[PDB]
């Protein structure tokens, strides 16, 4: 401090920072709107200050491939530290440098195409629970709240795919497991006072409600010492060139997988049905493709799901409009030059996916939901360093292939059985949380009718 001079020195444009806040007052309309403005105001690069912390935004595809891929192990290894985390410092999304490189290795074979193929029968069963739970609301010509029935499904898939537990969390009861995973303004006060993190690190306040973490540390070792197909097993099978996964490190990845697979898989299926509700020709065209591949509502399989090319298109286009990570970020750990531009040590480099996904300069009619931009005809003209819903490089979304599968096995089973109609209480056009998450302002609600 006052570091507020640093992009004025390097000759890089940007909104002027108020002392101690940087430009965080500019986050009132949301991260996403701030980015699209600074994109149009300033060009290919710009910078702003979260409190005292310099963030340099980059939009050049080569410069992005340099950062995410070429210069990753060397310069851009870690993301921006947030806290207090406590024992979750050992989670993979959060660890740094060699403790991350190690965790990546030990957890990479779990996410293989081969491992995921053996998960398909387990992920199939809870699509059925999803249909009956949906039917009891479809036979009752009353509108349905999507994040609930999709959250109950998203939840049903995680506990089973990561620990073996088997519930119908929607109805089936206060089963000992549904409630600690329930408790999945403070995170703004970190940005002006990041010097208060180590304060909170010595005070063992956990952003993870300390209790939940106490429930699963013991619940993991209950399962650990009972058995002695799922994530906890493929992890336990690994700890039998790197020191092996400890017992609290394993609990912490189990947690990272529960966070990951829950409100992401749930919120995306929301955004996709909304798109499918308010665009009923795409709904029918997909319903057709599903019935040609799986006649008579034939149960989907691994291979049949990678077969549906329109299903992939609807998914990708929905994610282009709703890249639920909004931004990608890496901390620059050395003085470096990349594609002819100096970036000093400590800067946080940021890629505004949601800006790029909705940039007219690459996307014709970007606000329109148009799945044909991913036709095998047109899918080739898409710069993979513009469309980046799962990141890129060695730090990208490790769960990429599984989420895509899990979400697609949800849609197939549901669009075989129901058609989805707008209700008078549907928010149209849907509006994004002015807040800090990519979710709908008003929850997505729609009419469900049985085919």
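Residue numbers count along the first chain shown, from 1. Definition used throughout: the rigid core is the maximal C-alpha set that superposes within 1.5 Å between two forms.
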More variable segment, 306 to 314 or 79 to 87 [Cα RMS over structures in 9 other deposited structures of this protein, core-superposed]: 79 to 87
More shifted region, core-based fit in 9 other deposited structures of this protein, 244 to 252 vs 282 to 290 by CA: 244 to 252
At least a third of other PDB entries omit residue 228: yes
Residue 240 to residue 241: deposited residues without atomic coordinates: 4 to 9
Residue 196 to residue 197: deposited residues without atomic coordinates: none
Mean C-alpha B-factor comparison - 339 to 347 and 173 to 181, higher one: 173 to 181
Mean C-alpha B-factor comparison - 216 to 224 and 376 to 384, higher one: 216 to 224
Residue with highest C-alpha B-factor in the PDB entry, from 145, 254, 77, 318: 145
Per the PDB entry, maximal CA B factor within 108, 166, 264, 93: 166
For residue 8, the third of its chain into which the C-alpha B factor falls: middle
Residue 327 - which third its CA temperature factor falls in, relative to the rest of the chain: lowest
Third of chain Cα B-factors occupied by residue 136: highest
Residue 283 by Cα B-factor - lowest, middle or highest third of the modelled chain: middle
Position of residue 204 among the chain's modelled residues by C-alpha B-factor, lowest, middle or highest third: highest
